[PDB]
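Protein chains: 4
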Amino acid sequence: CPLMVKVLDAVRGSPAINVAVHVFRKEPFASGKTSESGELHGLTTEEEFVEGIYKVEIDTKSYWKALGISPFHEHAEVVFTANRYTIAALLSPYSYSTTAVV
Amino acid sequence: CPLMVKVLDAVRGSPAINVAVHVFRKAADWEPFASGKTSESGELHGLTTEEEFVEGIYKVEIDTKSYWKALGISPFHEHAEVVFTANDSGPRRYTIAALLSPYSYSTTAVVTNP
Amino acid sequence: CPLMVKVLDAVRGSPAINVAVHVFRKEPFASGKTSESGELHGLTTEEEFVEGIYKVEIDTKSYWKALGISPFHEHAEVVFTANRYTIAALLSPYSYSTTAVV
Amino acid sequence: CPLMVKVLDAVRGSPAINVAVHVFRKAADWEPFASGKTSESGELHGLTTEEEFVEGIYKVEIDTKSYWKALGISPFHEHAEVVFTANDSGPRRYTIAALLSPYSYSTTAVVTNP
Ligand SMILES: Cc1n[nH]c(C)c1-c1cccc2cccnc12
Ligand SMILES: Cc1n[nH]c(C)c1-c1cccc2cccnc12
Ligand SMILES: [Ca+2]
Ligand SMILES: [Ca+2]
Ligand SMILES: [Ca+2]
Ligand SMILES: [Ca+2]
Ligand SMILES: [Ca+2]
Ligand SMILES: [Ca+2]
Numbered sequence: 010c011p012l013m014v015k016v017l018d019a020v021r022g023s024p025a026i027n028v029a030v031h032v033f034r035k042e043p044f045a046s047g048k049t050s051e052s053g054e055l056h057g058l059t060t061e062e063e064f065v066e067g068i069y070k071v072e073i074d075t076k077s078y079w080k081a082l083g084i085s086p087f088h089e090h091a092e093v094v095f096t097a098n104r105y106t107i108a109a110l111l112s113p114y115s116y117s118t119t120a121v122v
Numbered sequence: 010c011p012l013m014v015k016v017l018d019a020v021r022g023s024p025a026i027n028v029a030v031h032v033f034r035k036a037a038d041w042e043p044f045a046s047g048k049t050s051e052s053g054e055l056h057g058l059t060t061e062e063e064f065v066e067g068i069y070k071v072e073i074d075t076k077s078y079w080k081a082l083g084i085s086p087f088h089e090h091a092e093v094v095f096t097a098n099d100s101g102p103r104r105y106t107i108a109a110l111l112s113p114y115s116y117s118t119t120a121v122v123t124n125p
Numbered sequence: 010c011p012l013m014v015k016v017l018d019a020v021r022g023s024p025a026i027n028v029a030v031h032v033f034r035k042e043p044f045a046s047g048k049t050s051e052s053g054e055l056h057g058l059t060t061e062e063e064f065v066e067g068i069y070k071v072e073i074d075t076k077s078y079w080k081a082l083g084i085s086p087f088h089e090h091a092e093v094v095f096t097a098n104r105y106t107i108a109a110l111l112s113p114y115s116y117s118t119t120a121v122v
Numbered sequence: 010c011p012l013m014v015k016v017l018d019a020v021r022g023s024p025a026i027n028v029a030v031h032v033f034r035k036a037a038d041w042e043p044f045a046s047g048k049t050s051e052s053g054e055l056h057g058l059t060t061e062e063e064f065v066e067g068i069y070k071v072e073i074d075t076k077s078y079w080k081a082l083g084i085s086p087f088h089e090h091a092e093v094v095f096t097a098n099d100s101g102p103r104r105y106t107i108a109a110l111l112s113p114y115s116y117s118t119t120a121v122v123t124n125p
């Protein structure tokens, strides 16, 4: 619904599957794992998702480790003010980029 | 210098000048560690020293919100926040590079064995 | 079908709508404009899209100009060997990133 | 130096060392212009001179394919290819920064008025 996360792997050129994503609000707010498409839907509802400051934390360290690759970061963490959001994240072992589509 | 940060601005085509950078450390058991502002080349040298930079989990937070607001631009992110374990197999030098846009950032690390 | 392009704007946090995308093969091969979602489907067919070397050129200069913003690049150009492809591009006035999902 | 290129490797956490960079120029009417390889810091200074770097449309191509293949990694892109108009309102200095991964790259420009 109102909040979606999508994660891609820049080394293998694939979606990042079964990655843990935790969302906090300024406080745990929503969480899940990415699908076979790298996407995570169903995180929250329009009633629950009010304006405020949110942190999306993607567990990139566990992802790389599962592949046998040593990663730099503990996570990709993404902190923004909410005022239809997709958080996109593009992962490499020593880098990440992230954007918001609103 | 064991921890350097370099920040560029994708909207202006320039270094990101005078952007605040805060570093925190999480101990084996989330403490302020060091902070500074980027120079006219967008670089921040002198945050810390070999003697102070111990093993741990470090968070580097770049104050993107203040930077964009001071330029008259609408920032999405509160800050850009790079979290990594440092020095776990021995002392290393770390450069944290960040490229900023109002609704996106990218960051990478360069790690060298002194 | 086999080739899709998606374009996002990192300054406004929106899809990049009505952007011209030209695809070449090593020679014009396919082209179109992005939709309201920043997406361009229907570029080619599975019969047409053989293994080879392709260039996706996104007309980022015309996009920024339409918004009243002076851009650095003439285009975002993306050259790869084909051997289900999404080319994703994330645009700012002086920067772009691009990835492939295969 | 009016045209500098800096390249980092997102897989290894290092500069991208000894990567070939070719520059071409399109005239008012797609000519080789200059070329070099990145240093041990991932930087390429000395591509050109004030006197040679005229107005025009320039293409900087970074040979990502050779670089990844030499490291035993599967590259998607043939090369990373930055195309821009230069010097149109007067001489400027340009830094082209690129961050490489096997299936992705990002690039930005820093533009300064000497
Ligand atoms: C976040 C990001 N960085 N560089 C690029 C390219 C992207 C990107 C662009 C377009 C669609 C996407 C979907 C998921 C993940 N990332 C993306
Ligand atoms: C972190 C990052 N994302 N996309 C690119 C391009 C860079 C980059 C590459 C090379 C040198 C740099 C120096 C400072 C900041 N960023 C960079
Ligand atoms: Ca909940
Ligand atoms: Ca200063
Ligand atoms: Ca240790
Ligand atoms: Ca065709
Ligand atoms: Ca050298
Ligand atoms: Ca002119």
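Residue numbers (the entry's author numbering), protein chains in the order written: chain B, 10 to 35, 42 to 98, 104 to 122; chain A, 10 to 38, 41 to 125; chain B', 10 to 35, 42 to 98, 104 to 122; chain A', 10 to 38, 41 to 125. A prime marks a further copy of an entry chain. Ideal placement from N, C-alpha and C gives every residue a C-beta, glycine not left out.
What's the gap between the Cα of residue i and the Cα of residue j?
i, j, result
"residue 28 of chain A", "residue 112 of chain B'", "19 Å"
"residue 75 of chain A'", "residue 90 of chain A'", "5 Å"
"residue 80 of chain B'", "residue 86 of chain B'", "7 Å"
"residue 61 of chain A", "residue 15 of chain A", "19 Å"
"residue 69 of chain B'", "residue 114 of chain A'", "14 Å"
"residue 122 of chain A", "residue 42 of chain A'", "38 Å"
"residue 94 of chain B'", "residue 17 of chain B'", "19 Å"
"residue 98 of chain B'", "residue 45 of chain A", "48 Å"
"residue 6 of chain B'", "residue 104 of chain B'", "Outside the displayed span of chain B' (10 to 122) sits residue 6 of chain B', for which this structure offers no information."
"residue 58 of chain B'", "residue 50 of chain B'", "12 Å"
"residue 124 of chain A'", "residue 32 of chain A'", "21 Å"
"residue 35 of chain A", "residue 65 of chain B", "30 Å"
"residue 52 of chain B", "residue 25 of chain B", "8 Å"
"residue 116 of chain A'", "residue 88 of chain A'", "9 Å"
"residue 106 of chain A", "residue 96 of chain A", "13 Å"
"residue 63 of chain A", "residue 63 of chain B", "43 Å"
"residue 30 of chain A", "residue 82 of chain A", "17 Å"
"residue 78 of chain B'", "residue 78 of chain A", "25 Å"
CB of residue i to nearest heavy atom of ligand 1: below 7 Å?
i, result
"residue 119 of chain B", "yes"
Pick helix, strand or coil for residue i, following the three-state DSSP scheme.
i, result
"residue 81 of chain B'", "helix"
"residue 76 of chain A'", "helix"
"residue 113 of chain B'", "coil"
"residue 87 of chain B", "coil"
"residue 65 of chain A'", "coil"
"residue 17 of chain B'", "strand"
"residue 59 of chain A", "coil"
"residue 107 of chain A'", "strand"
"residue 54 of chain B", "strand"
"residue 35 of chain A'", "strand"
"residue 42 of chain A", "strand"
"residue 24 of chain B'", "strand"
"residue 123 of chain A", "strand"
"residue 49 of chain B'", "coil"
Whose CA, out of the options, lies closest to the CA of residue i?
i, options, result
"residue 84 of chain A", "B':15, B':14, B':10 and B':20", "B':20"
"residue 13 of chain A", "A:115, A:109, A:37 and A:114", "A:109"
"residue 119 of chain A'", "A:22, A:73 and A:48", "A:22"
"residue 47 of chain B'", "B':71, B':96 and B':66", "B':71"
"residue 92 of chain B", "A:73, A:100 and A:25", "A:73"
"residue 101 of chain A", "A:107, A:67 and A:77", "A:67"
Relative to ligand 6, is the shortest distance from any of its heavy atoms to the C-beta of residue i smaller than 7 Å?
i, result
"residue 44 of chain B'", "yes"
Return yes when at least one heavy atom of ligand 5 lies under 7 Å from the C-beta of residue i, else no.
i, result
"residue 99 of chain A", "yes"
"residue 66 of chain A", "yes"
Does residue i pass the burial test, meaning 16 or more other C-beta atoms within 10 Å, or should it be called exposed?
i, result
"residue 55 of chain B'", "buried"
"residue 37 of chain A", "exposed"
Can residue i be considered in contact with ligand 2, in the sense that its beta carbon sits closer than 7 Å to one or more heavy atoms?
i, result
"residue 16 of chain A", "yes"
"residue 109 of chain A", "yes"
Taking only heavy atoms of ligand 4 into account, decide whether any of them is closer than 7 Å to the Cβ of residue i.
i, result
"residue 92 of chain A", "no"
"residue 51 of chain A", "yes"
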